[PDB]
6 protein chains.
Amino acid sequence: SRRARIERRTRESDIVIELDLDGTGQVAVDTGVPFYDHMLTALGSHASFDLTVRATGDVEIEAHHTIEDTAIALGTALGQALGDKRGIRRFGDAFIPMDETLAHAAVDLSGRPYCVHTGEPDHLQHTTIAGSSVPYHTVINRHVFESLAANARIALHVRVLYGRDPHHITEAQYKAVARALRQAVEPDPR
Amino acid sequence: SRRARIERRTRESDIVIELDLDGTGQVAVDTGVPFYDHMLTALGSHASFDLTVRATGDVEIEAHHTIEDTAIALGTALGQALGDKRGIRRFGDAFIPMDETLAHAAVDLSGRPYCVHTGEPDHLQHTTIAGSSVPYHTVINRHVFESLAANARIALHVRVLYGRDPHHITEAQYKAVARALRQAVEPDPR
Amino acid sequence: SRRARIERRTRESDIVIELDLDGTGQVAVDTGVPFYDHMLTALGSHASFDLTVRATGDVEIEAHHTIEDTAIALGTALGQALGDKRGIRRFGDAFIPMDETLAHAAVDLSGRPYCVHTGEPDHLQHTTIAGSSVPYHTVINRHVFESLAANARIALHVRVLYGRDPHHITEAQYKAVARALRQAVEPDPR
Amino acid sequence: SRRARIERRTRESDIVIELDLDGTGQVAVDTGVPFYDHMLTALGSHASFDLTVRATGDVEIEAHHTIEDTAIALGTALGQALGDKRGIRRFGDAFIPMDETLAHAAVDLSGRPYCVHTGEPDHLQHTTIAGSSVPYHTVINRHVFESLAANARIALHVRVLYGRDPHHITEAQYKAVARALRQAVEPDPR
Amino acid sequence: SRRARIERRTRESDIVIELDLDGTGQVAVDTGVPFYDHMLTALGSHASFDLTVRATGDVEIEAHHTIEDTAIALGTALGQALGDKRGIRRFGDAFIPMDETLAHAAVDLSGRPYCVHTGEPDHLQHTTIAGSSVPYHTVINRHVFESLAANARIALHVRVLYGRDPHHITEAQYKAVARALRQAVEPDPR
Amino acid sequence: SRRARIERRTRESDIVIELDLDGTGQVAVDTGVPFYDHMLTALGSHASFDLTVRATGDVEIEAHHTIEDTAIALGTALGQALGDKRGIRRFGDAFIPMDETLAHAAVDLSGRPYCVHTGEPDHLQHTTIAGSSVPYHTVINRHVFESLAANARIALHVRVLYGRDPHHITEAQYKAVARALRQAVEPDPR
Ligand SMILES: [Mn+2]
Ligand SMILES: [Mn+2]
Ligand SMILES: [Mn+2]
Ligand SMILES: [Mn+2]
Ligand SMILES: [Mn+2]
Ligand SMILES: [Mn+2]
Ligand SMILES: [Mn+2]
Ligand SMILES: [Mn+2]
Ligand SMILES: [Mn+2]
Ligand SMILES: [Mn+2]
Ligand SMILES: [Mn+2]
Ligand SMILES: [Mn+2]
């Protein structure tokens, strides 16, 4: 019903997005950045979407360009899948507790592209989440949410109430956005 | 089912209110204060009420008296339309993002008349929203919410988390109250 | 018994005042400044005077001159109506609660022209109460009380204990002065 | 002439109130909370009312519910006994010195339900007045005055200027409210 | 009806006091301290007493002893003239504006001997009011009020809200006490 | 469907718990601590559970041990009644306004045992809620929530935004937890 397929070819990266809003959590994400894949899987699963992401980018330089472009394309796909935004709840928020972390996101679908991101500890501006592959810098979370809000043309407010672990803080923010989106896109029985 | 018609004649103003809780957003407000009309239209529409307001007051002096009396009558009408408050959710809250502003309202219908209003910037105590007609002073928002809570005999907590524009701050507060009321008045399937 | 009719013609404004101290609250005020009319009606009614005010002034410039001249003439009329001030209580004070505002005024009729005005919030020096007509600037309240005390040759002390709304603060100050005057002008049964 | 009988049955407590405004200090209070009985006796006696209070509540849990419900019913009874509030002074205040304590209360009967309570020392938020029976927590004084003002639909301002002993502070507040009410309900010879 | 004659002979001074509570302001005071005579005349006149004071003391040393003893005897006389304190208002307060000064006194006749004196500027602890005779030190005002309250066995609270001139501050305090006493000693028509 | 019966015998206390998640608010609690009974009744009723609690403990020493053990057993029962936690919403939050108090609780059922408790005033660490029986010390609220979260193996975040009365603060916290649990245990229609 509300589906979107977006292909975005640039110099930096080549992205393909497939999104269905009325899904069941069938998610398959591959971007070359493992932690970003983990986060997008959470975003897709907790929002009850159907999400397929195939991204190829210059991960030798760093993940910034791929992550940015993927977020832009995902935002575009979401905005297109919303369509006219007729007969939906249009307002959603969610608190996500993750151990010692509490995050909150509030969305307004009909509202104009705006993004406020507050509350993250100052040490998250130089934190890196690294494994066996391309690392993820937590200074990019604001960039990701801003890109998604700007390209979906929605109002997104993400707050971290408190939290210590950077993994938990990031994951909670993504889940909060996912659940706010899920609530906002539901049909309104009024 | 849950309807209320309130007529309030005083020296200062003459108010007529018609309210149905189980409505579809059919709103018609005329008070002689255009911005207050805008705000009441938002309140009625976002709460999914049926709201007709006809108010005549001494707008040559200022809008204070008309706005106060309208809020009192609207609160009375809401309280009467609730009736015994049997088999309703009784608890509602809503976050309303409006660009850079985030507002929150939480209600308790069965709770005794109480109103807490916090978070508004200090510059909103002397701000005026003015057009081609009778202006609206933002120092009256607290008065309006207090009057409505005191005459509906409900607990109303309105918070502004952050925000800059006075128009956005006011409009977000009214929408937050509307959506909290809407959630609180729904029948409880338990 | 204790009546006064004062006509004051100046370049700026033309004022006529009729005052009876032993009245019943028969008040008719017209100055071209609606909020000032409201305040003078409160002053006359809460002091149980008979008060007729007809004022014509240069309201195109601003209300300052008309308000100042009216206050001077009213003070003159009050002072003349007191006469010799023989066999009256001579001391009066009143607390006036108005919602969140608490004001207090204390008078000494036999005392020499003095006016102390304290307690008003700093934001009242640039606040405007505006409707559909000539606006009222709250920085003029001190001017009004000083003019009345200086021309009635009485001691007037007006205090605002606490308060937020400028309308309430102003109205409470006028009512406090009215009730203090009312108590002070009563005959002393001793 | 101005009498009221209020019976309020709830889950928590069962209250009966009998009040006459034009009384002579005939007071009989029994609530199961001895100190609250002492305070209500002072309230009734110093206001020159006729007051009969019979209250049964869950004092095994704590006195909060009984005290709250009694205050609500007393406020209702007072409001009903006032009636139309025609030809009364409508404004009353009283200073009550009690040893080292000075309290003040100011009322406005015609004014809308409002309660401001200021000045109490911070140590009164965790103070207990205890004897041989159910204790009295002084954090409930604000609750009591708010309940009475909210249910009588009057403006009540209670201030503690200074004071040390919690018994004296509480007793002075109750006496100040009683004397302010007494002055406010008198007929106005004007 | 309520009269008192007190003779107090000590080493330091010899005092005679004649007081009638139901008087008309017939005052004759002679203590050898002119300013103290002025203050006692104000106290007697503004309280509508009949007051005769004849005091002889060691004014060569200083006025302290004479002033103290006179205040003690006056307090004793007042306490005796009150008698059983049956059927009187028992509570009185008064604000006294005197130019730039505002003083307040509140009394409780039935209350136990207590005196609180607050608000006087710090420069009044070393100020002298001097003329052609024995000077008056303003550090004695607290002593005088304490002596009167302690010997009348009443509760006396005297506050100076604001003020600059020591003459005005002292005179306002005495007048405030006088008017509070006057109000408190009146019969209660209830 | 989702029921649990837990019997916990220790040296300190003997507890029996019966819990059904799909209930209608049929609550019967008896622990020997009246205020704790009140709080557990609120917890059971506002969560729409069926809750039977029979607790016998050493209330002669203090309520700590009984309250702690009851909370542990209740947490165990809840955790067992959840079972595999399959097909439930798994995330719930609730704002509870109670007069001047605003509390918030957010839960994550699948999340690992964690408890964050913030926002309570510092005076609640030495406050006692006492009636005619064993008193309740408010320093135990954190203990109770921690015990329940630790034994239910859920993530519980309880915040007090603002509040003055200790009774209201405690009651609001319990109701917030109840409503968050209620929302979290509902089946997910996705
Ligand atoms: Mn970038
Ligand atoms: Mn993870
Ligand atoms: Mn108002
Ligand atoms: Mn707008
Ligand atoms: Mn001027
Ligand atoms: Mn007005
Ligand atoms: Mn309560
Ligand atoms: Mn006592
Ligand atoms: Mn001495
Ligand atoms: Mn003098
Ligand atoms: Mn323990
Ligand atoms: Mn309770």
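Chain C residue numbers are taken from Swiss-Prot; in order, the displayed residues are 10-199.
Positions of Cβ are set from backbone N, Cα and C atoms, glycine also.
In Swiss-Prot this protein carries:
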type: BINDING; residues: C:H47, C:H74, C:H176, C:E180; note: Mn(2+) 1 binding site
type: BINDING; residues: C:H73, C:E77, C:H152, C:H177; note: Mn(2+) 2 binding site
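Positions of the features from Swiss-Prot, shown on the structure.
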{"residue": "C:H47", "record": "Mn(2+) 1 binding site", "Cβ contacts under 8 Å, 6 or more apart": "C:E180"}
{"residue": "C:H73", "record": "Mn(2+) 2 binding site", "Cβ contacts under 8 Å, 6 or more apart": "C:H146, C:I149, C:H152"}
{"residue": "C:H74", "record": "Mn(2+) 1 binding site", "Cβ contacts under 8 Å, 6 or more apart": "C:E21, C:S22, C:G66, C:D67"}
{"residue": "C:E77", "record": "Mn(2+) 2 binding site", "Cβ contacts under 8 Å, 6 or more apart": "C:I149, C:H152, C:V153, C:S156"}
{"residue": "C:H176", "record": "Mn(2+) 1 binding site", "Cβ contacts under 8 Å, 6 or more apart": "C:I138"}
{"residue": "C:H177", "record": "Mn(2+) 2 binding site", "Cβ contacts under 8 Å, 6 or more apart": "C:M107, C:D108, C:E109, C:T110"}
Taking 10 A as the limit, how many CB atoms besides its own sit near the CB of C:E180 (Mn(2+) 1 binding site)?
23
Subset of binding-site residues C:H47, C:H73, C:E77, C:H152, C:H176, C:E180 within reach of chain B (CB-CB under 8 A):
C:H47, C:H176
Row C:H152 (Mn(2+) 2 binding site), column other C-beta within 10 angstroms, all chains, value 16
Is there any among the binding-site residues C:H73, C:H152, C:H176, C:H177 whose Cβ is under 8 Å from chain A, and which ones, in sequence order?
none
